[PDB]
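Step one of this worksheet: look at the structure below.
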Amino acid sequence: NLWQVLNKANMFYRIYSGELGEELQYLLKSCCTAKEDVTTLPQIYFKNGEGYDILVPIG
RNA sequence: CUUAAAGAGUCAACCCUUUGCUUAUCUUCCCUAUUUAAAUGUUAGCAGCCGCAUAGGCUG
């Protein structure tokens with residue numbers, strides 16, 4: 001699948017630095033998005049100096 | 001307010017059987033245990049006889 005080919009011989013960094021094309025850089029980055037959901041995830045408090053931040057640790 | 005917050009692992013059982021660790025052995029020679037000295041500590045608390053005494057006295 002795409003997971004094997006993008007992960008050997010540093011192929012994801014090769015598409016990321018555009019040795020195989022800038023329009024491919026676009027295709028890669030079109031899939032590289034940040035989708036967010038905080039349900040069923042741990043939510044802890046970390047001290048940031050006179051206050052706390054709710055950190056949601058993702059692996 | 002801690003990768004916070006939350007959670008039933010349950011069940012079941014035939015390890016079997018078999019067997020030759022035998023064989024032969026020099027332990028061995030050696031040689032100073034020597035010398036003293038208070039048993040003291042009263043070292044015994046007896047035998048009769050005068051008596052109701054297992055109270056108290058006397059006799060040696």
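The chains in the structure tokens are called A, B, ... from first to last as shown; in each chain the residues are counted from 1, and the ligands are counted from 1 in the order shown.
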If you run DSSP over the backbone, which residues in chain A end up alpha helix (DSSP H)? Put them as a list in words. residues 2, 3, 4, 5, 11, 12, 13, 14, 15, 16, 22, 23, 24, 25, 26, 27, 28, 29, 30 and 31 of chain A
Could you write out as a PyMOL selection string the residues of chain A within 9 Å of chain B, counting only C-alpha atoms (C1' of nucleotides)? chain A and resi 41-45+56-59
Any chance you can output those residues with N, CA and C atoms as a PDB file, in the first residue's frame?
```
ATOM      1  N   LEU A  41      -9.690  10.986  24.927  1.00  0.00           N
ATOM      2  CA  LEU A  41      -8.270  11.269  25.034  1.00  0.00           C
ATOM      3  C   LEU A  41      -7.971  11.813  26.421  1.00  0.00           C
ATOM      4  N   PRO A  42      -6.781  11.542  26.955  1.00  0.00           N
ATOM      5  CA  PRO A  42      -6.428  12.084  28.270  1.00  0.00           C
ATOM      6  C   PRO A  42      -6.232  13.588  28.230  1.00  0.00           C
ATOM      7  N   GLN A  43      -6.676  14.248  29.298  1.00  0.00           N
ATOM      8  CA  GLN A  43      -6.569  15.698  29.433  1.00  0.00           C
ATOM      9  C   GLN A  43      -6.012  15.993  30.815  1.00  0.00           C
ATOM     10  N   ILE A  44      -4.754  16.414  30.880  1.00  0.00           N
ATOM     11  CA  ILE A  44      -4.106  16.672  32.158  1.00  0.00           C
ATOM     12  C   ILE A  44      -3.762  18.149  32.257  1.00  0.00           C
ATOM     13  N   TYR A  45      -3.392  18.575  33.460  1.00  0.00           N
ATOM     14  CA  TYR A  45      -2.964  19.946  33.698  1.00  0.00           C
ATOM     15  C   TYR A  45      -1.454  19.970  33.858  1.00  0.00           C
ATOM     16  N   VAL A  56      -3.322  17.685  26.125  1.00  0.00           N
ATOM     17  CA  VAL A  56      -3.891  16.431  25.650  1.00  0.00           C
ATOM     18  C   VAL A  56      -2.758  15.658  24.991  1.00  0.00           C
ATOM     19  N   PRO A  57      -2.175  14.669  25.670  1.00  0.00           N
ATOM     20  CA  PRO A  57      -1.010  13.972  25.116  1.00  0.00           C
ATOM     21  C   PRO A  57      -1.426  12.986  24.036  1.00  0.00           C
ATOM     22  N   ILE A  58      -0.920  13.199  22.827  1.00  0.00           N
ATOM     23  CA  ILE A  58      -1.101  12.274  21.719  1.00  0.00           C
ATOM     24  C   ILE A  58       0.257  11.688  21.364  1.00  0.00           C
ATOM     25  N   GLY A  59       0.257  10.438  20.911  1.00  0.00           N
ATOM     26  CA  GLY A  59       1.504   9.725  20.724  1.00  0.00           C
ATOM     27  C   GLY A  59       2.163  10.028  19.391  1.00  0.00           C
TER      28      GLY A  59
END
```
Give me the residues within 12 Å of residue B:60 as JSON, numbers by chain, counting only C-alpha atoms (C1' of nucleotides) and dropping any in the same chain fewer than 5 places off. {"B": [46, 47, 48]}
Write out as a PyMOL selection string which residues come within 10 Å of residue A:29 when counting only C-alpha atoms (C1' of nucleotides), dropping same-chain ones fewer than 4 positions away. chain A and resi 15-16+23-25+33
With C-alpha atoms retained, could you export that selection as a PDB file, in the first residue's frame?
```pdb
ATOM      1  CA  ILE A  15       8.468  14.102  -1.763  1.00  0.00           C
ATOM      2  CA  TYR A  16       8.660  16.553   1.160  1.00  0.00           C
ATOM      3  CA  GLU A  23       3.196  19.488  -7.865  1.00  0.00           C
ATOM      4  CA  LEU A  24       3.787  16.260  -5.948  1.00  0.00           C
ATOM      5  CA  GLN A  25       4.765  18.412  -2.955  1.00  0.00           C
ATOM      6  CA  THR A  33      -3.675  18.144   7.425  1.00  0.00           C
TER       7      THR A  33
END
```
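Those residues in chain A carrying a DSSP assignment of strand (DSSP E or B), computed from the backbone, are residues 44, 45, 46, 47, 52, 53, 54 and 55 of chain A.
Atom CA of residue A:55 is positioned 28.9 Å from atom CA of residue A:12.
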